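Protein chains: 2
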Amino acid sequence: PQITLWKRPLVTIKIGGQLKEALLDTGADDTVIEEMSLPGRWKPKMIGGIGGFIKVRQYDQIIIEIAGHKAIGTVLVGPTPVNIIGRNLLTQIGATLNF
Amino acid sequence: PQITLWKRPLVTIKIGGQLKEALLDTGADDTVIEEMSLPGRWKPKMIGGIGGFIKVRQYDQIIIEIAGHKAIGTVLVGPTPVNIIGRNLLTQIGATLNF
Ligand SMILES: COc1ccc(S(=O)(=O)N(CC(C)C)C[C@@H](O)[C@H](C[C@]23C[C@H]4C[C@H](C[C@H](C4)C2)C3)NC(=O)O[C@H]2CO[C@H]3OCC[C@H]32)cc1
Ligand SMILES: [Cl-]
Ligand SMILES: [Cl-]
Ligand code: NA
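Sequences listed follow chains A and B, in order.
The first sequence runs 1 to 99 under the authors' numbering.
The second sequence runs 1 to 99 under the authors' numbering.
Pasting the structure below:
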């Protein structure tokens, strides 16, 4: 699809068996999902943006479905009010910025 | 241009006669730049990032070139980890997300 930026670029994703809405975010290096359980081992990480840093759990090799396209990669889980699909998974679905 | 997301989508901007590097950020509603001097009056704005809320200076109707495309719009000045070009100016340069 071609997604305009007049509004936030929100799509439906499926992760951990759950359907969620998420933001396609080219400024996020990594994908960050609101608090949820995922299977497998994890390790702590700090990520920073406007306002400073938050602590998240890093899960590797997690599959997501993003607007109908399957991808696999690292997912960070932590206290965010909005699910963020970051570059590590945007690349896998062939997303590009065009102008 | 068509910009893939394997690396950060960094571009050169021109604002205040000066060249700076900025990140094209579809998850930002607003454009936020690090401390610099801009002409005219400013207004207060609170914006919320991943780490919490910060006060910024809002300057309206600022001329800015982004990857060679001309925009005239609102620029927020404050402590950001990187200069970010948000949707208010991405729309002016005709950017879309495609996959
Ligand atoms: C290492 O991997 C990551 C490291 C950092 C982030 S980040 O969420 O902090 N951020 C990085 C960027 C600031 C360099 C991504 C941004 O797109 C962030 C994305 C957010 C995702 C989620 C919803 C909302 C607030 C917050 C939580 C940040 C936008 N947007 C943002 O801060 O926008 C501000 C400027 O415009 C305004 O409009 C939106 C908030 C404000 C994500 C993954
Ligand atoms: Cl990854
Ligand atoms: Cl590619
Ligand atoms: Na894992």
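For each residue, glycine too, the CB sits at the ideal point set by N, CA and C.
Looking only at DSSP bridge pairs, what is residue i linked to?
i: A:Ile50; result: Per DSSP, none; premise fails for A:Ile50.
i: A:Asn98; result: B:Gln2 and B:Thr96
i: A:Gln58; result: A:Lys43 and A:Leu76
Using a Cβ cut-off of 8 Å (strictly closer), state whether residue i contacts chain B.
i: A:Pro44; result: no
i: A:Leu19; result: no
i: A:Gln2; result: yes
i: A:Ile47; result: yes
Nearest CA to the CA of residue i: which residue from the options?
i: B:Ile85; options: A:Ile66, A:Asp25 and A:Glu34; result: A:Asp25
i: A:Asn88; options: A:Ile63, A:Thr96 and A:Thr74; result: A:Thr74
i: B:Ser37; options: B:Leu23, B:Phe99 and B:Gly17; result: B:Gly17
i: B:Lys14; options: B:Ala95, B:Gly94, B:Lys70 and B:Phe99; result: B:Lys70
i: A:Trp42; options: A:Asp60, A:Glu35 and A:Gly48; result: A:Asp60
For residue i, does the three-state DSSP call read helix, strand or coil?
i: A:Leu38; result: coil
i: A:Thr91; result: helix
i: B:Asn83; result: coil
i: B:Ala28; result: coil
i: A:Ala71; result: strand
i: B:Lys7; result: coil
Report yes or no: is there a C-beta of chain A within less than 8 Å of the C-beta of residue i?
i: B:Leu24; result: yes
i: B:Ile84; result: yes
i: B:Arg87; result: yes
i: B:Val77; result: no
i: B:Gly16; result: no
i: B:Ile93; result: yes
If you measure from the CB of residue i, is any heavy atom of ligand 6 nearer than 7 Å?
i: B:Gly86; result: This structure does not include ligand 6; its bound ligands are ligand 1, ligand 2, ligand 3 and ligand 4.
Taking 7 Å as the limit, name every residue whose beta carbon sits nearer than that to some heavy atom of ligand 4, in sequence order. A:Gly40, A:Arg41, A:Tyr59, A:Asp60, A:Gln61 and A:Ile62
Who sits around ligand 2, taking every residue whose Cβ is closer than 6 Å to one of its heavy atoms? A:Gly73, A:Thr74 and A:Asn88
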